[PDB]
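**Q** One structure is given below, represented as structure tokens, and several questions about it will come after.
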Amino acid sequence: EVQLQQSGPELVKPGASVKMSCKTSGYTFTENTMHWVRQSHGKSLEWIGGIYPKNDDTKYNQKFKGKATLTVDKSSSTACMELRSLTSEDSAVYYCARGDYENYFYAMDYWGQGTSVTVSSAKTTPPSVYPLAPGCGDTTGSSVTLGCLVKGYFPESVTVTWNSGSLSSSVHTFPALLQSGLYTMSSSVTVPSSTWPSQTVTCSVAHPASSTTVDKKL
Amino acid sequence: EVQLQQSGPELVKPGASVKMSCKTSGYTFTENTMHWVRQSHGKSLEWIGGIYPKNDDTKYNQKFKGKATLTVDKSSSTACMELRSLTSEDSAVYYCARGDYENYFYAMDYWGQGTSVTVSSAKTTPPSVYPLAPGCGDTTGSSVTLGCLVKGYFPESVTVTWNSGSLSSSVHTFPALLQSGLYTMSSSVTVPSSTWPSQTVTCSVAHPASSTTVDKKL
Amino acid sequence: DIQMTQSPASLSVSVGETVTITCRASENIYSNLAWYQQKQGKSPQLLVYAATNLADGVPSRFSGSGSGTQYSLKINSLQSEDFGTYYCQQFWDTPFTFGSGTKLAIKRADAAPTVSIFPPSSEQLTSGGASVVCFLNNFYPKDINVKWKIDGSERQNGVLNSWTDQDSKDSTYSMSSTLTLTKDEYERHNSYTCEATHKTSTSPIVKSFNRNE
Amino acid sequence: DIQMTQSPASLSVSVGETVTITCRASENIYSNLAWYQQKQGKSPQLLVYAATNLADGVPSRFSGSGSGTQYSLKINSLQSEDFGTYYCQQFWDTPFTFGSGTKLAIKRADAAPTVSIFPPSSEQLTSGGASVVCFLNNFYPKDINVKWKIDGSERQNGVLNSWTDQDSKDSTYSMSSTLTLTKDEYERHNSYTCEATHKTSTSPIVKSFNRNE
Amino acid sequence: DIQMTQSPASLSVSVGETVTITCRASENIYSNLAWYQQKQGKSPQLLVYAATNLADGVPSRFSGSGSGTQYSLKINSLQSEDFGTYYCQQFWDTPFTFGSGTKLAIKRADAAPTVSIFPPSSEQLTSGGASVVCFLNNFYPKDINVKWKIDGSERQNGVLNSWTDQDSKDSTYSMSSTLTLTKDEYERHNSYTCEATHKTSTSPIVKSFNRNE
């Protein structure tokens, strides 16, 4: 069984470098080659480069000639990749894949864990969430929805719960966007109008990075 | 009906030679050719060489140039093969197959009996088996298994029985490995916990080469 | 430089139908093409390589074809485990340029989305920020948009739109739209409107409210 | 030199399904390929030669295909008499390099293996040798391993592992694992543990005992 | 010189199955091949010429194929009127060398042959000749032999063996074996034995008698 294990994501200051290494197992390393693929946002794929550790010889993309640097260690059967001069748009997902037998063709069967990189100049901020509830005095229609806006939090992501996890049916998880160096997301739940506003409801969010939890009444 | 009969296996001292011959029948010998195939452990196949007895001309593998030697006898319609300088890893299975009509292509329909060769510097030793039974005073779970370890025996193989062949259902035959020039195998049977330890049980093994049988109580 | 794209942008095929997807290349490779299956939060794997042979673990339902610069992938039939996206591969020359990607969906009966707009709370008013959001949920198909008219005037830019992937239970989508606005704009303006334009409604559904009502 | 291998290592196909097996070659023969059927303890025979024509005694269920350096063998459908391994053949140049081989199995319902560990007897203690064994039987699929932790420490090398081929009655496998150890190691150590890691169990099943218990 | 043979020697196919027969040529004609139907006591006729087109009176069940030096004839399905032999034809160069021929049979349930041996009469004893015969009838399949051990000694040559073609009623074969011997051999020998070795019997069936019994 061929298995390639990667490392964990890291936080890099723009302008510094990064060390990416993923070990290989389940086969013989030096007879085959290695490749790298970058997945840019939102959805795209691009071939970073490859290394065949018999010489060692390599080939890179025309744009990565002055950035990506690859090296290999055959003692621990691992493959390394170095990236320098990181910019704001350099945040992406990298893969560890094994190529053909002394060949770069013959499309690769197995891929990496998908370890990504995070490069930004902004520090961690506690999430600021506020209750949003009706209203002008009437609720239309018979099925009314609620929600709470989670904004001003770093980094992705935050964990949100509804009524201490009592109702898991109507919970909806909305992704965020990138503006002003911060992140803004939301969530939506639907409750019948018969129980509103008789039964209590709340919005609870937890941020694992800064260990900040905020409880509030809608 | 084409039939190719081989000889029996032999015991060769490392460094000596061996005589391998297999007679042919059911067709005309001299118009066709002959080939040899070696099956290395655990599972692999390799083409030793071939002989076409019109000249006689032959071709061999690059590694067998200085080892394998082939000769033919058209009077008795047989094909011979000679191997010299046998080593520890030269133990394998050989096949006797007839080729095409003045051609080495056109893959061969019929093959040999599979006569193998045994080359080692170790002599025959009587098998040493010991009883293995519970226990710490409890048997878990409701279905308990037994077994006896057969080690220190040469050559492969030995015949093992369970309760004088009364229960043939749960008997399992485990192959052996190669270490320290000896062989170690085992067997496993499953009996209900209701009859244990009320009913007697035993492990009997018989070695045909040295004519040594060992009876014991589990 | 070698370049290629797929067509069309996205597909929707239920379980038990035939999927026809193609990716056209500018130059002619004559030989190699590959297809990858990438789900959400997982890495791709090899399916069909060299436009013909299929890798391990792939059933007979996936079959490739095409020659020259025109290639295709025929899926008969589709199963509930095939959800994800597809890519294409070219071995012709280095560097390799991959495909643009195509998203798959499940065809079903159309559903009218629910829409609501909510006023901001009183805690945000003293924090310096203010925002109004418009909730849309349980719709189909994928093509819909939203705009903001404040007293009959468009607000661009500064309208954020987040999308949600395929849901496992009822097989639908969801979104959220939040309008960013300062303190001065909230005081001189009253009506806040958001509209949902969907193919199953001949007119945009409008939800509105007022500050003094 | 001419060289070729097969893919993948092993397959499992029940009776009545389609078998797709391929063996890729580095150079291009353009013509000749052969497939051989070798069971346990018997010699192979010819099935399909030249990638197209089939030999005598072979039914219509075996059909070959492929061109250039890409070849394949399509088996529709599989029957209970087809158990064994497959090889490949190349007539391009001498010497001939055969295939690596691929093992076939029968898909069925998964089964949890039984595991037990037994202490050595008192007759071995005076003979100078000592061994502990770990019994595993009645499992599926083929992928499983075993390790030895003595008081929380790995023992390598010297752990032997024997495997058993397909069983005719219940269609399962079996193994045995014996740990070789000297007289000094047995006296200063107490706990002897072996673990069975199987895909149907989220945690390794552990069997343990003690000398003083 | 141009030369070609068929494979295999003979086939057995019942009514309603597929017949795969091939005849390989040393050189490559690229074009022409013919198949002939010759029964017992009648002349052949043309069936399929140029490996593709079929002559008149031939149904759609006969279809040819193959290219280069590898050709084949696919019969789907077989009918009770197709009994006979097949040949092959080559127009490549003069002189034309035809095929070796292949006999067809009908598969059915196996049957154990009856065997008996009879002593010679008293009229032959004074005529100067003497013979012993061994009767075998109602067997299947085609592969069987017979030998003569007189007091435990083989008699070769001088053992004649005659064979019978397919029977129309019960669909079986028959043979006869007569041992030629002189006057001196009959006087000093007593036991006359003939054996029938058939695939449905694990041991040769022996019929014997004596002169003084």
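Note on naming: chains are A, B, ... as they come in the structure tokens, residues start from 1 per chain, ligands start from 1 in the order shown.
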At a cut-off of 7 Å, using only C-alpha atoms, what residues contact region 169-182 of chain C? Leave out same-chain residues fewer than 2 positions from it and give the result as a list in words.
**A**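 Result of the neighbour search: residues 174 of chain A; 129, 130, 131, 132, 133, 134, 135, 136, 137, 138, 139, 140, 158, 159, 160, 161, 162, 163, 164, 165, 166, 167, 184, 185 and 186 of chain C.
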**Q** If you count only C-alpha atoms, which residues fall within 7 Å of residue 189 (chain A), apart from same-chain ones fewer than 2 positions away, as number ranges by chain?
**A** A: 145-147, 170-172, 187, 191
**Q** Quick one: residues within 8 Å of residue 74 (chain A), only C-alpha atoms, excluding same-chain residues fewer than 4 positions away - as a PyMOL selection string?
**A** chain A and resi 29-30+78
**Q** Assign secondary structure with DSSP using the backbone only, and return the residues of region 37-151 of chain D in strand (DSSP E or B) as an NGL selection string.
**A** :D and (38 or 46-49 or 53-54 or 62-67 or 70-75 or 85-86 or 97 or 102-103 or 111 or 114-118 or 130-140 or 145-150)
**Q** What are the residues of chain A lining chain D at 12 Å or less? Count only C-alpha atoms, and put the answer as a ChimeraX atom specification.
**A** /A:1-2,100-103,106,109
**Q** Would you pick out the contacts of residue 33 (chain A) at 7 Å or less, using only C-alpha atoms, so that residues sharing its chain but fewer than 5 positions from it are not included, and give the list as a PDB file with N, CA, C and O atoms, in the first residue's frame?
**A**
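The result, stored in out33.pdb:
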ATOM      1  N   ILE A  51      10.919  16.387  -9.628  1.00  0.00           N
ATOM      2  CA  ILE A  51      12.294  16.019  -9.317  1.00  0.00           C
ATOM      3  C   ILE A  51      12.445  14.510  -9.460  1.00  0.00           C
ATOM      4  O   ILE A  51      11.623  13.738  -8.953  1.00  0.00           O
ATOM      5  N   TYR A  52      13.477  14.093 -10.184  1.00  0.00           N
ATOM      6  CA  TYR A  52      13.819  12.679 -10.336  1.00  0.00           C
ATOM      7  C   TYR A  52      15.194  12.471  -9.717  1.00  0.00           C
ATOM      8  O   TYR A  52      16.203  12.924 -10.295  1.00  0.00           O
ATOM      9  N   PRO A  53      15.294  11.784  -8.525  1.00  0.00           N
ATOM     10  CA  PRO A  53      16.535  11.824  -7.730  1.00  0.00           C
ATOM     11  C   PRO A  53      17.566  10.776  -8.150  1.00  0.00           C
ATOM     12  O   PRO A  53      18.119  10.045  -7.320  1.00  0.00           O
ATOM     13  N   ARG A  98       3.590  10.795  -6.546  1.00  0.00           N
ATOM     14  CA  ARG A  98       4.687  10.024  -7.123  1.00  0.00           C
ATOM     15  C   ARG A  98       4.410   9.777  -8.601  1.00  0.00           C
ATOM     16  O   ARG A  98       3.292   9.405  -8.974  1.00  0.00           O
ATOM     17  N   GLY A  99       5.434   9.968  -9.436  1.00  0.00           N
ATOM     18  CA  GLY A  99       5.282   9.848 -10.869  1.00  0.00           C
ATOM     19  C   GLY A  99       5.497   8.432 -11.379  1.00  0.00           C
ATOM     20  O   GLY A  99       5.299   7.440 -10.679  1.00  0.00           O
ATOM     21  N   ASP A 100       5.913   8.356 -12.642  1.00  0.00           N
ATOM     22  CA  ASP A 100       6.106   7.081 -13.314  1.00  0.00           C
ATOM     23  C   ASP A 100       7.520   6.557 -13.041  1.00  0.00           C
ATOM     24  O   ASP A 100       8.264   7.091 -12.214  1.00  0.00           O
ATOM     25  N   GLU A 102      11.120   6.209 -14.089  1.00  0.00           N
ATOM     26  CA  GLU A 102      11.998   7.102 -14.849  1.00  0.00           C
ATOM     27  C   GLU A 102      11.243   7.848 -15.949  1.00  0.00           C
ATOM     28  O   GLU A 102      11.768   8.046 -17.048  1.00  0.00           O
TER      29      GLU A 102
END
**Q** Using only C-alpha atoms, select each residue of chain E with any atom at most 10 Å away from an atom of chain D, and give the selection as a ChimeraX atom specification.
**A** /E:7-8,11,18-22,66,70-72
**Q** Name all residues at most 10 Å from residue 13 (chain E) (count only C-alpha atoms; drop same-chain ones fewer than 6 positions away) and give them as a PyMOL selection string.
**A** chain E and resi 19-20+77-79+83+104-108
**Q** Give me, please, the distance in Å between CA of residue 190 (chain E) and CA of residue 119 (chain E), quoted to one decimal.
**A** 10.8 Å
**Q** I'd like the interatomic distance between CA of residue 61 (chain A) and CA of residue 1 (chain C), to a tenth of an Å.
**A**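 Spanning CA of residue 61 (chain A) to CA of residue 1 (chain C) is a straight-line distance of 11.5 Å.
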